[PDB]
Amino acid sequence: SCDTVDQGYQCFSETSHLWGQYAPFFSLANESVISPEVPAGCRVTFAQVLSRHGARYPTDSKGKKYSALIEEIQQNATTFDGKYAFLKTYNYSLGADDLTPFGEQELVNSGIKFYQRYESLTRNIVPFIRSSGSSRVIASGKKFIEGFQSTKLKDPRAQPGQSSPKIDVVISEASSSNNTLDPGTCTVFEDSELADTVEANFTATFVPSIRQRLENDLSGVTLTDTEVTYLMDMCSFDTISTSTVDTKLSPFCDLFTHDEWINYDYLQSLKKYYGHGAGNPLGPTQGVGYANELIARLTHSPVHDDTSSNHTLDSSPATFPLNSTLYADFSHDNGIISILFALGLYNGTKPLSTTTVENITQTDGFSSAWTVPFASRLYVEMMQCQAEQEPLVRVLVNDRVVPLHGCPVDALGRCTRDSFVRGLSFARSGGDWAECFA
């Protein structure tokens, strides 16, 4: 009941919202200065949703380590008391790689939500649906289609007996697949180590004080900074992996302070910003393939792209139709970051400080948790309005209207379609894709 379909996960918000890309979806609608509502005189005539998979178990790699770390903590320490008591017996049972029940329900909820927001179109148009190829992404796509389909059947205004919505195209993640949802072919970018550098540098400014404290309180234990981030990682996973998702915050969370959570969140924004966003020279270039596919869709014209798009897939109406009206894509956090930036959506954001925390104002609305949480969603709309001949484009990022850049925005955050497309000259020129090889 603090976890709803509409508002996302609002339980324990002072902690749970600062887990970055480990935070469960939470709607930013209340944080939107521009109203998400459709203005009067205006009609939505296009809706594309780009969605992340839902909450997942830790990867096999990381879980090994977590499990290993907690054994070592239990073998060595002589006082587990106060807030530490739970660690004595803690019995690591978490799954691996897979979506969690909670993660599953998130995408069901995203499906209901999408159905309803665009009801006057979802009632009789079957969306064209794509998915990167990874069990968790595919499954999440299908949990979204599941909830969309449940809402459609309860809707008196639906045209019933249309074909199912389904995953029309699973896009491959093999190292040689042109994949626009999360490209894997830009050799120089794949090799980049800028994110690591920033991660190490910024963790040296705040993790040592926590390490000290934790070794102090758990006599006999000796910890690396990395291990400390693992115990922080566990506060997300131990919360949203069990029954108690809605009722109890993980005991792990209480071992760190609010301010310590603030740094954690910001760290995660840094990993994403310098890994895949603007802070990485080739990051937004990872998004140009998808940006050119969106342009195709908005202009009902062929894809012009020579970066990450597959040409067999795109030059064929069956696998890339131009006049559907609704579209749903499912991918990972990393590719979604690159896409958001290639679209200009964060072009009023100043490169994040590598040394100090920057609040959500200083970053002009950018953070991991505000962009790619678990089950995140981007909605691109096109609407036709009373006062104007041309279609107006609008973009929401987890229920927050995000004012377009690179074109004459109005006060409602919108640009005319022609001027929006024109502003995406970066993607239209191929970005820096040529630098993937020299």
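The first residue of the sequence shown is number 1, and the count goes up from there.
Entry-level comparison of average CA B-factors, 124-132 and 193-201, reporting the higher stretch: Comparing averages over the C-alpha atoms only gives 193-201.
Mean C-alpha B-factor comparison - 30-38 and 400-408, higher one: Mean B over CA atoms: larger for 30-38.
Residue selected from 342, 108, 282, 77 by maximal Cα B factor: Result of the comparison over 342, 108, 282, 77: 77.
Selection from 178, 367, 151, 250 [criterion: highest C-alpha temperature factor in the record]: If I rank 178, 367, 151, 250 by C-alpha B-factor, first place goes to 250.
Chain-relative CA temperature factor third for residue 329: For residue 329, whose C-alpha B-factor we compare with every modelled residue in the chain, the answer is the lowest third.
Chain-wide C-alpha B factor ranking for residue 68, given as lowest, middle or highest third: Residue 68: CA B-factor falls in the highest third of its chain.
Modelled-residue ranking by C-alpha temperature factor, third containing residue 18: For residue 18, whose C-alpha B-factor we compare with every modelled residue in the chain, the answer is the middle third.
Within-chain third of residue 259 by Cα B-factor, per the entry: Ranked within chain, residue 259 CA B lands in the highest tercile.
Lowest, middle or highest third - CA B-factor, residue 81: According to the entry, residue 81 has a C-alpha B-factor in the chain's highest third.
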